[PDB]
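Residue numbers (PDB author numbering), protein chains in the order written: chain D, 4 to 113; chain A, 3 to 113.
The beta carbon of each residue, even a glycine, is placed where N, CA and C say it ideally should be.
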Amino acid sequence: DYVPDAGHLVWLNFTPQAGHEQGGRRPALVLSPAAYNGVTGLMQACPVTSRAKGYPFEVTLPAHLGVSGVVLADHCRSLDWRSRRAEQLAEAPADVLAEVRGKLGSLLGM
Amino acid sequence: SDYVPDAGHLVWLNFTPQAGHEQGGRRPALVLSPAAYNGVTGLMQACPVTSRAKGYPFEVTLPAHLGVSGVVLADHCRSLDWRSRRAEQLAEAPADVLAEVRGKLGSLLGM
Numbered sequence: 004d005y006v007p008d009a010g011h012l013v014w015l016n017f018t019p020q021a022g023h024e025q026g027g028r029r030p031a032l033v034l035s036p037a038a039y040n041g042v043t044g045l046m047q048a049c050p051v052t053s054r055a056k057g058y059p060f061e062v063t064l065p066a067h068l069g070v071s072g073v074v075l076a077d078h079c080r081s082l083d084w085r086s087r088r089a090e091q092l093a094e095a096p097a098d099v100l101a102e103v104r105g106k107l108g109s110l111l112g113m
Numbered sequence: 003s004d005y006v007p008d009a010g011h012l013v014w015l016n017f018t019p020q021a022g023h024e025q026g027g028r029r030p031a032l033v034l035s036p037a038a039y040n041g042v043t044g045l046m047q048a049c050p051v052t053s054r055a056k057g058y059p060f061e062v063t064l065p066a067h068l069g070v071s072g073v074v075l076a077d078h079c080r081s082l083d084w085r086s087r088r089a090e091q092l093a094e095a096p097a098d099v100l101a102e103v104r105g106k107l108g109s110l111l112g113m
């Protein structure tokens, strides 16, 4: 049924991981469109952490929309969203998606 | 010793641990993020290389004589802990390969 789409927040298992890679079941912000995510069963998504630390790659989620925390834009990963049990949670606003893409784009050298 | 992956480097890397259809194994990786970030965080963004191409547009072919053969999977870019996954310097990709991977990955990410 549900295919994650760009700008969706989803519950996802970030375990398995290695080292300082984000782990845990937590919200993920999806960057790749559902057309890709549906044909491959993979997606690009960033993990969400509970507390702002003023880390340069943090993008705060508006608390009023009921998922609190910061997207770690630099922690974007190709993820098997079936294997990691993606579950629909919310939709982030356009401006959060654009700021995450801007910060990750800069990191990737685009 | 003191090697820090830099943008455009090809490194051998453990893509395991992974889940499901995610790329696994010990394979070459094309580094996209700069050493100034990679060194402070111990993370990097990099794409895996596979020696067996399927012939889809998000595959970027490596030129010969770099020490490994195959295609960069631009859509499989990930944040990786490069010390945990035992990054080892291998080669440097040409600027045109790095630009093509970034263009294609930017398409996937909605840049």
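Margin query: I'd like to know if the region 80-89 of chain D and the region 18-26 of chain A are in contact, where contact means that at least 3 CB-CB pairs between them fall below 8 Å.
Written below: yes
How many angstroms separate the CA atom of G69(D) from the CA atom of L64(A)?
-> Locating residue 69(D) in the first sequence gives position 66, counting from the first residue. Locating residue 64(A) in the second sequence gives position 62, counting from the first residue. The alpha-carbon atoms of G69(D) and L64(A) are separated by roughly 45 Å.
Which of helix, strand or coil DSSP assigns to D83(A)
Stepping through the second sequence from its first residue, residue 83(A) is reached at position 81. Three-state DSSP puts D83(A) in a strand.
Q.
So, under 8 Å CB-CB, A101(D) and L12(D) are touching, yes? Tell me the CB distance rounded to an integer number of Å.
A. By one-based count along the first sequence, residue 101(D) stands at place 98. By one-based count along the first sequence, residue 12(D) stands at place 9. In fact, because the Cβ distance is near 15 Å, the residues do not count as touching under 8 Å.
* beta strand (DSSP E) segments (min. 3 residues) lying fully within the region 22-53 of chain D -> 28-33 and 45-52
Same chain, Cβ closer than 7 Å to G27(A), five either side skipped, listed in chain order: Position 25 of the second sequence holds residue 27(A). Closer than 7 Å at the Cβ level, and outside the excluded window around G27(A), lie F17 and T18.
ask   = Using a Cβ-Cβ distance under 7 Å, would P59(D) count as near chain A?
value = For the purposes of this step, residue 59(D) is taken as the residue at position 56 of the first sequence. Chain A contact via Cβ: absent.
Cβ closer than 8 Å: which chain D residues qualify as neighbours of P19(A)? Here residue 19(A) refers to the residue found at position 17 when the second sequence is read from its first residue. Chain D residues near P19(A): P19, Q20 and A21.
(Q) Given this structure, state the Cα-to-Cα distance separating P36(D) from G41(A), to the nearest angstrom. (A) What you label residue 36(D) is simply residue 33 of the first sequence in a count that begins at 1. What you label residue 41(A) is simply residue 39 of the second sequence in a count that begins at 1. Distance between the alpha carbons of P36(D) and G41(A) is about 31 Å.
- Query: Is the Cβ of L34(A) closer than 7 Å to any Cβ of chain D?
  - Reply: Taking the first residue of the second sequence as position 1, residue 34(A) is located at position 32. Output row for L34(A): interface = yes.
| request: Below 8 Å CB to CB, which residues in the same chain sit around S53(D) once its five sequence neighbours on both sides are set aside? | output: Translated into the one-based positions of the first sequence, residue 53(D) becomes position 50. Closer than 8 Å at the Cβ level, and outside the excluded window around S53(D), lie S71 and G72.
With a threshold of 7 Å between beta-carbons, can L111(D) be considered close to chain A, or not? Looking up residue 111(D) in the first sequence gives position 108. Chain A contact via Cβ: present.
Subject >> Which listed residue (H78(A), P50(A), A95(A) and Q91(A)) has its alpha carbon closest to that of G108(A) >> reply: Residue numbering aside, residue 108(A) sits at position 106 when the second sequence is read from its first letter. Taking only the C-alpha atoms, the option nearest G108(A) is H78(A).
ask   = Which class does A76(A) belong to by DSSP, given the choice of helix, strand or coil?
value = Position 74 of the second sequence holds residue 76(A). Reduced to three states, the DSSP call for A76(A) is helix.
| query | From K106(A) to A97(A), what does the alpha carbon distance come to, in whole angstroms? | reply | Within the second sequence, the letter at position 104 stands for residue 106(A). Within the second sequence, the letter at position 95 stands for residue 97(A). Their backbone Cα atoms lie some 14 Å apart in a straight line.
In the DSSP assignment, what are the bridge partners of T63(D)? Sequence index remark: in the first sequence, residue 63(D) carries index 60 (1-based). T63(D) pairs with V73(D).
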